[PDB]
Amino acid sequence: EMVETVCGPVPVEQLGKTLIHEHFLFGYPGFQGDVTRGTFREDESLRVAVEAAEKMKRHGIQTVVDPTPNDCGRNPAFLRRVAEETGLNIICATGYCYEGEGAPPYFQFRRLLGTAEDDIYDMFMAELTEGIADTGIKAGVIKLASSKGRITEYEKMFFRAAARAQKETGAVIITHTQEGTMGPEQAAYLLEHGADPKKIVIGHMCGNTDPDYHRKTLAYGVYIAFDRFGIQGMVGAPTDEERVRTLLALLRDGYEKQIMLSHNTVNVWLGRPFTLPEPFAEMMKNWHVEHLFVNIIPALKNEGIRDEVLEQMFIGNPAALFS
């Protein structure tokens, strides 16, 4: 009936139209060491995050899942200030980034101690049921991530702890796949350890342009997310035109009850400000929270996708996922 948000429990039936994957804050691990030249300006960051929440509200969004990993600048008290300023429901996560771009030294060391998987499970349970730090905010999802072409031994510790925690709590699992790989393997691995496919979203599936790969993942009964609309030319990503082509193939095959859409925006960057060089800057110009509603959804409608199917992806699927 309920899901934990940054403002406490909200009835699932009230989530409404939802973006399954956006970041209000995000930092690449190591941003903390650039604090002198990259200090966190709370007021301007809150202003920029509140504006991003406003743009989402302008298109009917009532709920955002922000799955920023623990080691990438997750800040639940900050998310709570965005939610209270805007009325947006925000669901945050507990979990670590994948080994390639995460901060693995700490839990790699706890492997040596022999307690890592159990420590991670303990962290998951505490943040799902008690609260994150002293904020009193519980995560509503477990975030998992794997590397390109491989679910590493480090990553598999988190996958096994997440399956253990889901059995105890019923929590939703959201994943990150790297460069269109390991979607089927992630689903198989979680299910083999007892995870509920109806409570799993395999993320970044738009990174693969082969519908056979998607159908193989969807056969496990899980949700998949085309959650990187607007990201072109970077992190190995395909174009939006390719995303739409792949998505249309699945929707015309009747998979609408298993698909959700998002942008994976980073609305405030942690660390030192930057500007993208001119090759990437142009390719990335549609990477913002209005892109699905101004550009992508109209293109899907012009391809014949009906309102009922869009409502299933944005409203029905997140309601079913969290209940």
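Residue numbers here begin at 1 and follow the sequence given.
Undergrad: On mean Cα temperature factor in this entry, is 172-180 or 192-200 the higher one?
TA: Result: 192-200.
Undergrad: Which wins on mean Cα temperature factor, 67-75 or 98-106?
TA: Of 98-106 and 67-75, the stretch with the higher C-alpha B-factor average is 98-106.
Undergrad: If I read the C-alpha B-factors straight from the PDB entry, which of 260, 46, 266, 297 is highest?
TA: The C-alpha B-factor peaks, among 260, 46, 266, 297, at 46.
Undergrad: If you check the C-alpha B-factor for each of 143, 243, 111, 138 in the entry, which is highest?
TA: Highest CA B-factor of the listed options: 111.
Undergrad: Among the chain's modelled residues, which third holds the C-alpha B-factor of residue 303?
TA: For residue 303, whose C-alpha B-factor we compare with every modelled residue in the chain, the answer is the middle third.
Undergrad: Taking only the Cα B-factors deposited for this chain, tell me whether residue 253 sits in the lowest, middle or highest third.
TA: According to the entry, residue 253 has a C-alpha B-factor in the chain's highest third.
Undergrad: Among the chain's modelled residues, which third holds the C-alpha B-factor of residue 81?
TA: For residue 81, the deposited C-alpha B-factor lands in the highest third.
Undergrad: Can you tell me whether residue 224 has a C-alpha B-factor in the lowest, middle or highest third compared with the other modelled residues of the same chain?
TA: Within its chain, residue 224 is a lowest-third residue by C-alpha B-factor, going by the deposited values.
Undergrad: If you rank the chain by CA B-factor, which third does residue 2 end up in: lowest, middle or highest?
TA: It belongs to the highest third of the chain when residues are ordered by C-alpha B-factor.
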